[PDB]
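The structure appears right after this line, and notes come after that.
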Amino acid sequence: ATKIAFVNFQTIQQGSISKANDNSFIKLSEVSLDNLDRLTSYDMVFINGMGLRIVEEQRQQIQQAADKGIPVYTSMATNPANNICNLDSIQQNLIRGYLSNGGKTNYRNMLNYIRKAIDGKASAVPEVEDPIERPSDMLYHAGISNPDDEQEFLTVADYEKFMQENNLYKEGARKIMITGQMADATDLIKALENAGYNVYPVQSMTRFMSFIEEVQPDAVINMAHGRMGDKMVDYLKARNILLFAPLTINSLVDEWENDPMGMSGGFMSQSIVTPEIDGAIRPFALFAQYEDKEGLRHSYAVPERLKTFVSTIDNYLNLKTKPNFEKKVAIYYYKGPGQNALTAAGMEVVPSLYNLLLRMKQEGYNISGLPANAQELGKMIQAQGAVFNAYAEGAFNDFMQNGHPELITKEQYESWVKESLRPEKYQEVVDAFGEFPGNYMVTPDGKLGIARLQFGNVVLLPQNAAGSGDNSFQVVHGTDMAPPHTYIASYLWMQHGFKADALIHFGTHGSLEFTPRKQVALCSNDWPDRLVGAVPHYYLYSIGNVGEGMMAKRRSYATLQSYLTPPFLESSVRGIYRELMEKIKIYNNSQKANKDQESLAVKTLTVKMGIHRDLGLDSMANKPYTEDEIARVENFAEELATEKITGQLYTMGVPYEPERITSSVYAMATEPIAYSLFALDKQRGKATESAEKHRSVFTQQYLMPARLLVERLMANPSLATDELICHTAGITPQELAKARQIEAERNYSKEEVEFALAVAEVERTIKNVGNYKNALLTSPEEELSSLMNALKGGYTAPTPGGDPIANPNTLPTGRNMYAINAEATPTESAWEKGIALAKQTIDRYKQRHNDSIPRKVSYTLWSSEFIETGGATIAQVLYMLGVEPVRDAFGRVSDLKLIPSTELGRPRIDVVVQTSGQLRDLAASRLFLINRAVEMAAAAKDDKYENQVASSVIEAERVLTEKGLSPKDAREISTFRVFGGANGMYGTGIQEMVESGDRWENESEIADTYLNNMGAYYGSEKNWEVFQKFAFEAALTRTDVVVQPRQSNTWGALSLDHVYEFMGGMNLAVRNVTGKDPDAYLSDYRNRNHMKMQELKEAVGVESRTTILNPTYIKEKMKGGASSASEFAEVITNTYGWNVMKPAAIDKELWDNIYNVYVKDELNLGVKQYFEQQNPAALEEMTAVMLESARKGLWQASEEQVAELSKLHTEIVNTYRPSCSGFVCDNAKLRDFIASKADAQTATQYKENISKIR
Ligand code: HEM
Ligand code: NA
Ligand code: NA
């Protein structure tokens, strides 16, 4: 008897081989990847190398069987290190021939050949035959009489003659081409022909462009495995057609619907990530598997998914033929509660909406009733398009009688639900909110109201709340959140009542793509899939937020359209700190032995301006600063003078001012030139030590000279010649030639590679200075033209992501963004930068703690910084432990190696990681490497230095045993190190609790909530999303440092609300567990040629002195509208949040400065009149936040300051009516505090105004 073993084989192919077997002396068996030690009892071994993932030990077991004398063959290995074979050349060709071609005839001949040739014991076996060869490029179709038989054709003419004989050809019909081999598409082909199309099935792996050009189809459907190429992208742009890409699941239907992930690892990259670079859309799950009577798997298309897919194809193709005068479009925007303004990331929303409607009217769309100008449009939206909170009963009862909403009856709602949703999922809505219509905006008759504003065939709707205002801040484990009736009825009315032809989301970003449950490859139980339906979907997104835009593409099936960012300018604060710089200049040039009188002069001004608080220095009477302390002051002041700030917000269809065009190009080009020249001088061995220690010297030698060069090239772009490049860099012409040659090979010693990269940065920047100015002027026009083309069924070209300063390749805008492949991270470049940043973290800690190293470091991982840096934050985590990645021949990281203790030169340091929901979708396999590396380092024995990773495991186990856990459980849980949100939610849920000031008393209540909401475990696939009590707490012991990444030039620590939600929350939780406040650092990725670590309190001082206390910044913002005024209230709210999380980072003098500017008008700018005419609701929020800090004790304000704030607050409310946000209309204790500080007559009038809305 002959025994043959199969390893890591696919279920479908393995079953086919076993069926084709007919000899009674051939036995087939399967061996798992953990049973490789049984291979010595077999006569032949087959190994599937397609996507195999093994370790060195597993590889060694296979290698030993080959040297024993066991025949081994590996099929289609992707990693060359796994290619193991010990057969003759003739035998390899024969086995490959049978296997590659396939078919049941080839399979059975293969089994007989093994027993005859390889085994040797001929005995009883029939005659074998040569493998049968199949065409590699052809068109195929199923047999008309016998569908089991398949027809093959070699030319397009042969196929077209076949169709006419069988009456499959329709005159004048549209053509669709199908490519790919991942699944059986017999049902898809037949369903499309019943719809009235001509279908051309093509199976050609290499030369598919020859077939496409002869047919000239109207659409292409690809079952993608990999990327098609750049030749395909050029054809699509020239022909202006679409490309689709459905998905395939290799399991049963029931198994797929119970999996919380869907896809991961290499298979996700081949199916989703890589096709996006070509510009594919609609990653719709269509194919699955089923078992037959005998027990064999087969591939088919799910009948319910097939109906929705064919309907989607019709809708996209009908956009091209339907006249513009009959199309219907729906647009969604995001608005604040009450009387707050419309918001989007760096955009003026209301003027942008008006410009879009004017463009559509010219194109021929049916738009009527449009107001005169954008000011009139804003008033109509407030009157007929507002949203309200749950507690403002008096507010939305008045809207029902003055806003004329859309009324939905019970019969309409139930017919829509029975057609779109599943009975079990709709039952969850009833359990949480009750029967239709609910309680929010309900007429006495029993109907539901929808707020909308319609102009002919175009309707505008606001987006409601996706959750419930239960005011329960702790998440319950095991239950998902369902949207309320109002949220559901809005999207179902669009599909069935309004019958829209297209759907648009206006700005960054909504909340539809963050609803439960599955990550990718959604099913019929997922809300984002059901609420969109079969309607074409378009989404306007900003280029500075690439990380979060991937959720919209992969979960809501959206096509992204990119728009610009606000312009940049200089801070212009150099004149304020000019006197301080002169004192430092004299001190540096003093050659006297005793430089104390000069040192005391510098100290006097530093204390007067309050700078000593930002740098953590002393304010002693007669103690002069040392040499090192003065150097720190000089660098802090020079950083303020060279800071870049954003100006007026961006309006669609309007370019920048001529002055702002000039300054934006200055920001995009000065820095790359200056730092590239600095690197070249350092390598050649020049006197660069002085400039590297002082930033004032660097400005005079590398920054100012580079600014003049940019000025010349802007006026005369024709001077960008090879003579200017060689002379600017100080290199001879022949050296420039070899520099371009190294770039060509990679698209040599380590020194040469570094030299080549610096030269390429200088050359690339100089030759594109003229293009930068032209791209900014023409971008606003291309954004409107690209959107009009999309609404006619055209093609949108792909693009990468990132703000123009970080990545100049993102211009012009109006394109579709994509991401990177996560299986190759951390990259070679990212590994070098991560090592350098990890050494700065240790050095900075030792300076402040007397040469001591930390015991544990904590990290936060975000999606946007992962894509743009290539995984630089993961490199820092691995280097702390002392583990390095291992790469294969194709640059993919799948294994780890331990760094020897002597080479490390220091003790190992333990880590703990928290993640966001967006990151877990992009790179889930990288999280498995991090937790595997922790267990590798904790088992490392015989180290020259101390192993602090092993000490943390012992301490964590002791805590768990004290809490009352089993000895077996305590040992297992003591190694959990990766955590995230509970129930798979995308955030922490802590902003709602912090900003509800009257519902908590101590900070220990907030800490308990944070530990509950972020205590889920995501460190392995087997225990994915498992909650264990006390697991998060035991992992935070002995923590010393908290690290937060930062990569964008558009937001800072005080301007983004997520920063204090994650970084602040971790800081608060550690303080309550260890009893000691840790250090907080920032990883600065903004300058790609110069990365550094910065202290949190120093970064706050820089931002406040340049944005909210800077007269230049304020006057730029006072030229905008309602959206610009809303940013002032957002910064004040984040300052309140930071004071709760980390009290030591916010000084009392910071609150006083804000008071002098916005309550007293110290700078004489007239800020109060600006708010009264643009957005009175933003001024109410600012005064209420400041009064809440005084009540809680966070700010030690005086009686005069409190009286003035209370007087201003009640005056705005009585004149312009309450806005009713959380602070103004839902804080009972704050209401009483304000009333007692004002006049008795004013108090009564103030109280009655609030009661009219509640
Ligand atoms: C009948 C033909 C093929 C089938 C059924 C197939 C199927 C698969 C599957 C199932 C995986 C993932 C394995 C796993 O996740 O365990 C994979 C990975 C992969 N395949 Fe294919 N494939 C085929 C042909 C090809 C070809 C011709 C190429 C040429 C380059 C290719 C390139 C890749 C790559 C790059 C990966 C990623 C592996 C990794 O990242 O570790 N495949 N393939
Ligand atoms: Na957000
Ligand atoms: Na907030």
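Naming works like this for the structure tokens: A, B, ... for the chains as they're shown, residue 1 at the start of each chain, ligands 1 onward in shown order.
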>> Residues near segment 1200-1217 of chain A, anyone? I mean within 10 Å using only C-alpha atoms, not counting same-chain ones fewer than 6 positions away, as a PyMOL selection string.
In response: chain A and resi 339+1152+1155-1156+1159-1160+1172+1176-1177+1179-1184+1186-1187+1190-1191+1224+1233-1239+1242-1243+1245-1250+1253
> Within 9 Å of residue 443 of chain A, counting only C-alpha atoms, which residues qualify if same-chain residues fewer than 4 places away don't, as a ChimeraX atom specification?
Replying inline: /A:397,400,407,447-449
Write to file, as a PDB file, in the first residue's frame, the residues of the selection just made, with C-alpha atoms.
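Done, and the output landed in part.pdb:
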ATOM      1  CA  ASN A 397     -42.384  70.390  19.661  1.00  0.00           C
ATOM      2  CA  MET A 400     -43.131  70.197  14.362  1.00  0.00           C
ATOM      3  CA  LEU A 407     -44.476  62.720   7.885  1.00  0.00           C
ATOM      4  CA  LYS A 447     -46.492  59.613  12.716  1.00  0.00           C
ATOM      5  CA  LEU A 448     -42.767  60.321  12.518  1.00  0.00           C
ATOM      6  CA  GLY A 449     -41.213  63.603  11.401  1.00  0.00           C
TER       7      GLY A 449
END
Sorted by chain and rising residue number, list the residues of chain A at most 9 Å from ligand 2 (counting only C-alpha atoms and all ligand atoms), each with its closest atom pair and distance in Å to one decimal, as JSON lines.
{"residue": "A:508", "atom": "CA", "partner": "ligand 2", "partner_atom_place_in_ligand_line": "1 (Na)", "distance": 8.5}
{"residue": "A:509", "atom": "CA", "partner": "ligand 2", "partner_atom_place_in_ligand_line": "1 (Na)", "distance": 7.1}
{"residue": "A:510", "atom": "CA", "partner": "ligand 2", "partner_atom_place_in_ligand_line": "1 (Na)", "distance": 8.6}
{"residue": "A:548", "atom": "CA", "partner": "ligand 2", "partner_atom_place_in_ligand_line": "1 (Na)", "distance": 8.2}
{"residue": "A:1056", "atom": "CA", "partner": "ligand 2", "partner_atom_place_in_ligand_line": "1 (Na)", "distance": 8.8}
{"residue": "A:1057", "atom": "CA", "partner": "ligand 2", "partner_atom_place_in_ligand_line": "1 (Na)", "distance": 8.1}
{"residue": "A:1058", "atom": "CA", "partner": "ligand 2", "partner_atom_place_in_ligand_line": "1 (Na)", "distance": 7.1}
>> Please return as number ranges by chain the residues found within 8 Å of ligand 3, counting only C-alpha atoms and all ligand atoms.
In response: A: 991-992, 995, 1057, 1130, 1133-1134
Would you mind exporting the chosen residues as a PDB file, in the first residue's frame, restricted to N, CA, C and O atoms?
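Saved result, selection.pdb, follows:
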ATOM      1  N   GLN A 991     -15.455  61.020  26.524  1.00  0.00           N
ATOM      2  CA  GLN A 991     -15.732  62.442  26.350  1.00  0.00           C
ATOM      3  C   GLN A 991     -17.100  62.821  26.896  1.00  0.00           C
ATOM      4  O   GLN A 991     -17.271  63.925  27.422  1.00  0.00           O
ATOM      5  N   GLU A 992     -18.084  61.930  26.769  1.00  0.00           N
ATOM      6  CA  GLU A 992     -19.424  62.232  27.262  1.00  0.00           C
ATOM      7  C   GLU A 992     -19.440  62.374  28.778  1.00  0.00           C
ATOM      8  O   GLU A 992     -20.152  63.227  29.318  1.00  0.00           O
ATOM      9  N   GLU A 995     -17.477  65.803  29.942  1.00  0.00           N
ATOM     10  CA  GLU A 995     -18.165  67.049  29.638  1.00  0.00           C
ATOM     11  C   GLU A 995     -19.534  67.150  30.296  1.00  0.00           C
ATOM     12  O   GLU A 995     -20.211  68.169  30.124  1.00  0.00           O
ATOM     13  N   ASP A1057      -9.858  66.836  19.592  1.00  0.00           N
ATOM     14  CA  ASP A1057     -10.486  66.332  20.806  1.00  0.00           C
ATOM     15  C   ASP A1057     -10.081  64.904  21.138  1.00  0.00           C
ATOM     16  O   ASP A1057     -10.241  64.484  22.288  1.00  0.00           O
ATOM     17  N   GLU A1130     -14.074  75.235  20.355  1.00  0.00           N
ATOM     18  CA  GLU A1130     -13.547  73.877  20.444  1.00  0.00           C
ATOM     19  C   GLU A1130     -12.223  73.844  21.198  1.00  0.00           C
ATOM     20  O   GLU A1130     -11.954  72.899  21.947  1.00  0.00           O
ATOM     21  N   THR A1133     -12.872  74.153  24.945  1.00  0.00           N
ATOM     22  CA  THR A1133     -13.412  72.923  25.516  1.00  0.00           C
ATOM     23  C   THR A1133     -12.316  71.889  25.744  1.00  0.00           C
ATOM     24  O   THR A1133     -12.343  71.160  26.742  1.00  0.00           O
ATOM     25  N   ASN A1134     -11.344  71.809  24.834  1.00  0.00           N
ATOM     26  CA  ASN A1134     -10.258  70.850  25.004  1.00  0.00           C
ATOM     27  C   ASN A1134      -9.311  71.262  26.122  1.00  0.00           C
ATOM     28  O   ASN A1134      -8.697  70.400  26.758  1.00  0.00           O
TER      29      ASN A1134
END
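With only C-alpha atoms taken into account, the protein and nucleic acid residues at most 7 Å from residue 1041 of chain A (excluding it and anything under 5 positions from it in its own chain) are residues 857, 858, 1078, 1079 and 1080 of chain A.
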For the selection just defined, write its residues with C-alpha atoms to a file, as a compact mmCIF listing (two decimals), in the first residue's frame.
# COMPACT_ATOMS: atom_id res chain seq x y z
CA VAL A 857 6.54 52.38 28.70
CA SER A 858 2.99 52.78 27.38
CA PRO A 1078 4.01 59.55 34.81
CA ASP A 1079 5.80 61.48 32.09
CA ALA A 1080 4.14 62.35 28.78
> Pick from A:373, A:1219, A:556, A:11: nearest to ligand 1, with only C-alpha atoms and all ligand atoms counted?
Replying inline: A:11
